[PDB]
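This report refers to the structure that appears directly beneath it.
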Amino acid sequence: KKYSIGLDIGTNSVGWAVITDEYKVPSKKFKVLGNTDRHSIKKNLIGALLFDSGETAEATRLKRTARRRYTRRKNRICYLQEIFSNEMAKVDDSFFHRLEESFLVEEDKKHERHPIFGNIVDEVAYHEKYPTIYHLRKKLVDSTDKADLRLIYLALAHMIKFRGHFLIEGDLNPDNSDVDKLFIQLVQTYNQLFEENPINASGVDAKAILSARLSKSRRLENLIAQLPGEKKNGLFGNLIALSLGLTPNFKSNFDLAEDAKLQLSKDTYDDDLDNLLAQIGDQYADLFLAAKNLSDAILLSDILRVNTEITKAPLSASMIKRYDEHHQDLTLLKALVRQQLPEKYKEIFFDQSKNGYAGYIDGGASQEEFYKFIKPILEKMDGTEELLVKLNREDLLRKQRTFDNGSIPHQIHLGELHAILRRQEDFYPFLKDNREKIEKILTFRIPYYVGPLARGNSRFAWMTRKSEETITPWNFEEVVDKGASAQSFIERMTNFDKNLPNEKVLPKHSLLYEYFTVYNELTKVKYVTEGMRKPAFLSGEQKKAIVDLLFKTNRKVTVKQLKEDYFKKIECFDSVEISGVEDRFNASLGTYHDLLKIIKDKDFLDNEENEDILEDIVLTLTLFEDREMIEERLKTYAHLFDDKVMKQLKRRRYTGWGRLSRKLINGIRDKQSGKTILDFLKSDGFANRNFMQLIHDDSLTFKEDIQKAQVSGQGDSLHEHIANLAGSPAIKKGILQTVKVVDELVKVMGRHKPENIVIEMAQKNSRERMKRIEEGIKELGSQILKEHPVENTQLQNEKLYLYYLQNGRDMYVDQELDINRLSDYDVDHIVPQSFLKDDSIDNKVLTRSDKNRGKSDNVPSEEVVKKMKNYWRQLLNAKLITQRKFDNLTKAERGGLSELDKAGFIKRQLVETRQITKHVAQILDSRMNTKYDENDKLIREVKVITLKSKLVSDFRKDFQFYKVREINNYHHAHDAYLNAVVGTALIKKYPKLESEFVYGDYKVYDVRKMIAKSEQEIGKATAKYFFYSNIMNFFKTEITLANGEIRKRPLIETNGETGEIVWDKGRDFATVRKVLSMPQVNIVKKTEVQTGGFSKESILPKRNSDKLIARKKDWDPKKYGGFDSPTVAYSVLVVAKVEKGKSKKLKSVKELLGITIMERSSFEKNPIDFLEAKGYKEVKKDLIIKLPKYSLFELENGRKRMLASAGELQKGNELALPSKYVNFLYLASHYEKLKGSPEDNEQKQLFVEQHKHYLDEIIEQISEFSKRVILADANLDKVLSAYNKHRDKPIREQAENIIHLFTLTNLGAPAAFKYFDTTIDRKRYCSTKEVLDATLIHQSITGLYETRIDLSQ
DNA sequence: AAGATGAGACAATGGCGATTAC
RNA sequence: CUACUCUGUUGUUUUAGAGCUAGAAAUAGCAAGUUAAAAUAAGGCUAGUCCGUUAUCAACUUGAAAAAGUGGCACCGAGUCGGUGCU
DNA sequence: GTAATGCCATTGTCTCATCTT
């Protein structure tokens, strides 16, 4: 029995269906295991696996690095105590011991409750003498007297524990720290990036402006006032606003559609910066980097207020001044409030719940919340000067430990540490002996390229050891093989090219890469002069001349500079027109101009012998960021340069990686031509092929070379094949599940492999079209928006959007369209639906009658093209229409549609562009087909067909097999079935087109033979598959062309070459409808142990509740607080006995106990001991059942539940709504947006109106389903009541809201939903009792093989 | 008319506590 | 398009920073607050300045584990699958 | 006393209304 499998792979579901030769879904009897009376069940071979999305490893990575940081910080403190130990033992015996046990309460604390001195008197004296640690630090830096060793340790430990950032390398100096130098660097980067209309800031006094004590916005405005050519909303103004701490919007600066806001203080700035940079290119990356540096400088000046130089510790003195000012402002505030506003004093200083001062100090109230709370209070009170100016300047009652301290470099803390060590050096000899040791503890930082200092038991570590001793900050240089460690780092961090494995990818800023992309963008440029009247691609000599003369002289090349300074200057061409590019060249030779600015030797940059040297330099600067390792890897080229520019070269840094390798760009060579990819880009004769075309085109050896190396890089296991794929972990999980589903399906069919496996990979728009309309209108100059104003909400209508796209004019006739008579007007297709199924705006026009297109079934005639070509050219250059639409509109002037165009349409409909789909097909093909013959040829028994979603979607829309995702989860399985049907139909109808869809080595049939010329009526003497280029015409009974003639096709479609019936237009559509109507579809929720964090991360205060979880073994949460809300890994049905407490009373209980993630290892180590520790006795070990999340139970009347938890359930049933209601809902909800022909649209609308009683019937279906299964009668009553409340509303709205009503009945967790204004809150199933007497159903991945256990026992 | 800030609603399911009802 | 290394600042939690005056308390009037220690997934053995939140996971049999095995075919129907013949 | 009906969480984010430029 031959069969085929259809698959719909997604990130949260995998649809699957099995079809026969007559497009039927088999129904089979499957054995049922367990201990019930049901031994067989009938199931349809169609279903869908559902599963939670796979997660990325980012969060785990962050947590891991955080753990490492905490560990290493604690180790730093342990090092400091190790240095201090013997002399602290001589001074105080239990000092460090008291410091470690500071957290414990006095009952559990073995030593005195007072940490530092152990007696209350000395503690009071210390705190009064030093109320903050910065007081002690400033004293120890500015006092020559001998100090107590405990206080010295406190200062050093505070400076080491919170040591500051490492963003600045080397000693602190004005070149990389003062605001002025970084401002000059910012305007230098700005002028370098533009140079046309640059900003000159020679006169500015950046220090006096940026460091001045004023509000942020007023400082920004004051700096803008000093630059008359720039404004606050300019790019530079937005950069300064970003550097000062404001939230500037860069949307207007780059005309981006979506608003991109950046805030340096926000933790999510980097990925936001990566999104923005992705939109505008990485040329601005270093610009924003300089802004960040400038921000830190400004921040450092905001903290380093005490610049008077009378002290040696600027930071500690500044914190003292902040303390004093805080004290003054506090006492003044209390005085003013008590004087003027006696009432509400308690709300500010005692209440603490509403963000008062007590909330600012003792409650969870941030600085911005406290300021926001006290701003109106200060405004209302009198005598509040000198506090509001501080509040607006964000310097009122500041704490010493705030979010600003991230900007403090570690060289300052190092300075204060050096000062303290030097002051107390002679008094304590071991400080003199261990000065460099302590300094090394503060300054030592494990390099990125060394990584975890493991000894073989770390999956993430790679470093090499030159000894066998504990790595410390002092012996790191002589124990860590930095050379070998850096080499391993290189070997690990080098990703391999997806096109060619086993070859390292070049850096993104490599010179050869920039040359490659520059030529790749330049080769798609076409020029038309005055006389030739036809587009001609640039020749090799032209490319070399333009590159050498223009691209090697300026960073930005625009079309105007290109035509003015090359074509007119050298080629003497007065007027040129360019279609390939829009405004400028996206590619650029950034690295070239960077190196030119560094070494200032233009001839050296163009010598082809020095290419490898420059590639080595860029690679070294890309891989590493540390100055020492860069100097080590750049020492070989010290003699080449003058050693002045070498310093500037070492300061340059590059980040990023490309996607292609050197061997692909300029390595592999065509055997016949003898030219590499780059050589083909530079020279290719008349026609110039781009990169993607060389990969696609089979006439060259490049495609063969890329294909033949794909299987070398692969591995042996399935896991390695899945890990090598290029996709998110979610789709990789879905792919693995798909493979397993295929394995089970071929097992179910008696180990018979299928014949075919068909695979499918499962307000902004209004803004884009609005910006498009506004730019087109502003460019043209017709003020249609003035006489007929519209908003982005109304622009969703097709006919109105087309009305505004066409300047309010008819496309075929020279007359204006009537704004308020669009119902009489028709929407025409530039390329008819009989040739290509393209219903986008790119191929649609609006006109009063589609008879104006003319009599031909092709593109519009030449008589209309000749009349309207000028107006279409004005709409073209005004960006109202695209280049392709203009090409299609004016195709009759060039003969009309051609065989190459029809072949392009066929390839557009039949080939899948996504690489991930091809790799999945490769995996399935390799796993399914594994036989050979005597020779070395692969026998392909199973064909893996790759299909596009558009085909099945159009199949649904054309024949009313409508999809409504909100009804149930059946649509995945249905999509898989329809994929199988369409795939099998296409492989049966057109076997010679196997190379388009089927994976593997096939004959590359040129499509020119297949396309029939001059309507040969698909003759049989010659092949002639089709005259009309639409592949899905044979499913249709009639074919309506663009003129109105209705062509007829036979009732039974058969293959021409083999005489096999491929589609019976009666029996097969009836079969498809019957399959779509089946109510039993196997929907399976993949059961999964829950993993991840133990609980909510919140560390809650102490409470009298046994739900609290201890943060450490001996930290009783009733005294110390802790975590609550643990996640249940899985539930465990246990049959056991418990003590009632009134007596022994071993009542035999049966209940689900949730094993939390934290408890899992202990429970699995020894379950019985764990359960006895929980209180259970005489546990029936053999009856314990492991129940992971989504475990399925069936109760009475087919009602089903899924396990969400140990104490909560989810809905387990699917609502098999009849097909007629699904189609009615789709039609009623899509009333205005039918997007079909007018007659067809009228038919659908009349069908909806004639069948409006289906609304009440659907409500009845939801009601009866809910009463049987859902059991939420309060919500059902709410629903029915709301439906009766809104029966007056239009049919469309009632349909749209019934769609929301199906959330009441959906499989999975209950969720709230809205019926018009009314909201129905979720009813949860917060009890697991009933499942203890239900039937548990263990399911295979396909759900076919079941095991039913009656838990009554 | 555009940009920024504040408030009311959405994500999105399960655990905790309170509540209420038998 | 994933994956990875180095690093910081906040935050939270207990304890320390003596509260003072009345009053049998309850509760009232005021003073004060900015800082610090320690933990920051419980923990693990392999004892490293390492690892612990990703991937993977129905049931049953054999195994410490990677992993191997276990479930008849047609026909008439179709409310979550039912019925009939052969085997 | 036991068993079935709103807030919080890595407290993010999006849209609408009002005020300011």
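Numbering starts fresh at 1 for the residues of each chain in the structure tokens, the chains themselves are lettered A, B, ... in the order given, and ligands are numbered from 1 as they appear.
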Counting only C-alpha atoms (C1' of nucleotides), which residues of chain B sit at most 10 Å from some atom of chain A, and what is each one's closest atom pair with its distance in Å to one decimal, listed by chain and rising residue number, as a tab-separated table?
residue	atom	partner	partner_atom	distance
B:2	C1'	A:252	CA	9.9
B:3	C1'	A:249	CA	8.4
B:4	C1'	A:247	CA	9.0
B:12	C1'	A:1311	CA	8.4
B:13	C1'	A:1309	CA	7.2
B:14	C1'	A:1205	CA	7.7
B:15	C1'	A:1125	CA	5.1
B:16	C1'	A:1125	CA	7.1
Would you output that residue set with N, CA and C atoms (P, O5', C5', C4', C3', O3' and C1' of nucleotides), as a tab-separated table (two decimals), in the first residue's frame?
chain	number	residue	atom	x	y	z
B	2	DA	P	3.56	64.88	11.95
B	2	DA	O5'	4.99	64.68	12.70
B	2	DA	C5'	5.96	65.77	12.91
B	2	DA	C4'	6.51	65.73	14.34
B	2	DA	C3'	6.61	64.35	14.99
B	2	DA	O3'	7.76	64.28	15.82
B	2	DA	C1'	5.33	65.72	16.35
B	3	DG	P	8.67	62.96	15.91
B	3	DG	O5'	9.48	63.12	17.31
B	3	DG	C5'	9.88	64.42	17.87
B	3	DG	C4'	9.58	64.47	19.37
B	3	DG	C3'	9.66	63.14	20.12
B	3	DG	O3'	10.17	63.35	21.43
B	3	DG	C1'	7.57	64.06	20.47
B	4	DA	P	11.18	62.32	22.12
B	4	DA	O5'	11.05	62.63	23.71
B	4	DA	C5'	10.74	63.95	24.26
B	4	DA	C4'	9.70	63.85	25.37
B	4	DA	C3'	9.71	62.55	26.18
B	4	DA	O3'	9.40	62.80	27.55
B	4	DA	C1'	7.58	62.87	25.32
B	12	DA	P	0.84	35.78	25.15
B	12	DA	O5'	1.34	35.44	26.63
B	12	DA	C5'	1.94	34.19	26.90
B	12	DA	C4'	1.30	33.54	28.11
B	12	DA	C3'	-0.24	33.56	28.10
B	12	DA	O3'	-0.79	32.35	28.59
B	12	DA	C1'	0.56	34.61	30.04
B	13	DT	P	-0.75	31.00	27.72
B	13	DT	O5'	-0.02	29.97	28.69
B	13	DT	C5'	-0.71	29.44	29.80
B	13	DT	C4'	0.05	29.64	31.09
B	13	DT	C3'	-0.54	28.90	32.29
B	13	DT	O3'	0.23	27.75	32.59
B	13	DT	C1'	0.27	31.09	32.84
B	14	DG	P	-0.35	26.58	33.52
B	14	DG	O5'	0.19	26.94	34.97
B	14	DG	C5'	1.51	26.60	35.33
B	14	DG	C4'	1.89	27.24	36.64
B	14	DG	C3'	1.15	26.70	37.87
B	14	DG	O3'	2.07	26.48	38.93
B	14	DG	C1'	0.91	29.03	37.77
B	15	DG	P	1.62	25.70	40.26
B	15	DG	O5'	2.02	26.71	41.43
B	15	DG	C5'	3.33	27.23	41.50
B	15	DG	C4'	3.41	28.30	42.56
B	15	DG	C3'	2.76	27.93	43.89
B	15	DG	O3'	3.53	28.40	44.98
B	15	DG	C1'	1.69	29.85	42.99
B	16	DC	P	3.19	27.95	46.48
B	16	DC	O5'	2.57	29.26	47.14
B	16	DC	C5'	3.38	30.41	47.33
B	16	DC	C4'	2.52	31.60	47.72
B	16	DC	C3'	1.63	31.37	48.94
B	16	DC	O3'	2.11	32.11	50.06
B	16	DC	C1'	0.41	32.40	47.12
Inset, instruction - Residues of chain D no more than 9 Å from chain A, counting only C-alpha atoms (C1' of nucleotides): send them over as a PyMOL selection string. - result: chain D and resi 3-5+9-10
Inset, instruction - Mind giving me the straight-line distance from atom CA of residue 222 of chain A to atom CA of residue 175 of chain A in Å, one decimal? - result: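 Value for the atom CA of residue 222 of chain A-atom CA of residue 175 of chain A distance: 24.5 Å.
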Inset, instruction - Pull the alpha helix (DSSP H) assignments for segment 272-386 of chain A out of DSSP run on the backbone, and list those residues as a PyMOL selection string. - result: chain A and resi 272-280+285-303+314-340+345-349+357-361+367-380
Show me a table, sorted first by chain and then by increasing residue number, of the residues of chain C having an atom at most 8 Å from chain A, each with its shortest atom pair and the distance in Å to one decimal, counting only C-alpha atoms (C1' of nucleotides) and written as a tab-separated table.
residue	atom	partner	partner_atom	distance
C:1	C1'	A:727	CA	5.4
C:2	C1'	A:728	CA	6.4
C:4	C1'	A:493	CA	7.4
C:5	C1'	A:448	CA	4.9
C:6	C1'	A:448	CA	4.0
C:7	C1'	A:166	CA	6.6
C:8	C1'	A:165	CA	5.0
C:9	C1'	A:406	CA	4.2
C:10	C1'	A:403	CA	5.1
C:12	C1'	A:1099	CA	5.5
C:13	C1'	A:1099	CA	5.8
C:14	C1'	A:103	CA	5.2
C:15	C1'	A:103	CA	5.1
C:16	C1'	A:114	CA	5.7
C:17	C1'	A:127	CA	6.2
C:18	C1'	A:120	CA	7.4
C:33	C1'	A:361	CA	6.8
C:34	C1'	A:399	CA	4.9
C:35	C1'	A:132	CA	4.3
C:36	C1'	A:133	CA	7.1
C:37	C1'	A:99	CA	5.4
C:38	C1'	A:103	CA	5.6
C:39	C1'	A:1111	CA	7.8
C:41	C1'	A:1094	CA	6.6
C:42	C1'	A:1112	CA	6.4
C:46	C1'	A:457	CA	6.8
C:48	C1'	A:454	CA	5.4
C:49	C1'	A:72	CA	5.8
C:50	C1'	A:454	CA	5.4
C:51	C1'	A:458	CA	6.8
C:53	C1'	A:1092	CA	3.6
C:54	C1'	A:57	CA	4.2
C:57	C1'	A:1088	CA	6.4
C:58	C1'	A:1339	CA	4.6
C:59	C1'	A:1338	CA	5.8
C:71	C1'	A:31	CA	5.3
C:78	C1'	A:1078	CA	6.9
C:79	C1'	A:1079	CA	6.6
C:80	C1'	A:1080	CA	4.7
C:81	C1'	A:42	CA	6.1
Legend entry - Contact residues around residue 297 of chain A with only C-alpha atoms (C1' of nucleotides) at 8 Å, ignoring same-chain residues under 3 positions, as a PyMOL selection string: chain A and resi 177-179+182+293-294+300-301+407
Legend entry - Who sits within 12 Å of segment 15-18 of chain D, only C-alpha atoms (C1' of nucleotides), same chain under 5 positions skipped, as an NGL selection string: (:A and (763)) or (:B and (4-10))
Legend entry - Straight-line distance linking atom CA of residue 50 of chain A with atom CA of residue 13 of chain A, stated in Å to one decimal: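 Separation of atom CA of residue 50 of chain A and atom CA of residue 13 of chain A: 4.4 Å.
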Legend entry - Within 12 Å of segment 20-22 of chain C using only C-alpha atoms (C1' of nucleotides), minus same-chain residues under 4 positions, as a list in words: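 Close residues of segment 20-22 of chain C: residues 27, 28, 29, 30, 31 and 32 of chain C.
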Just to be explicit: take each residue in the selection above, keep C-alpha atoms (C1' of nucleotides), and write the result as a PDB file, in the first residue's frame.
ATOM      1  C1'   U C  27      -1.043  54.446  72.418  1.00  0.00           C
ATOM      2  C1'   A C  28       0.771  59.433  71.874  1.00  0.00           C
ATOM      3  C1'   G C  29       4.622  63.658  71.036  1.00  0.00           C
ATOM      4  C1'   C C  30       9.621  64.202  68.917  1.00  0.00           C
ATOM      5  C1'   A C  31      14.764  62.695  67.349  1.00  0.00           C
ATOM      6  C1'   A C  32      17.152  59.783  63.488  1.00  0.00           C
TER       7        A C  32
END
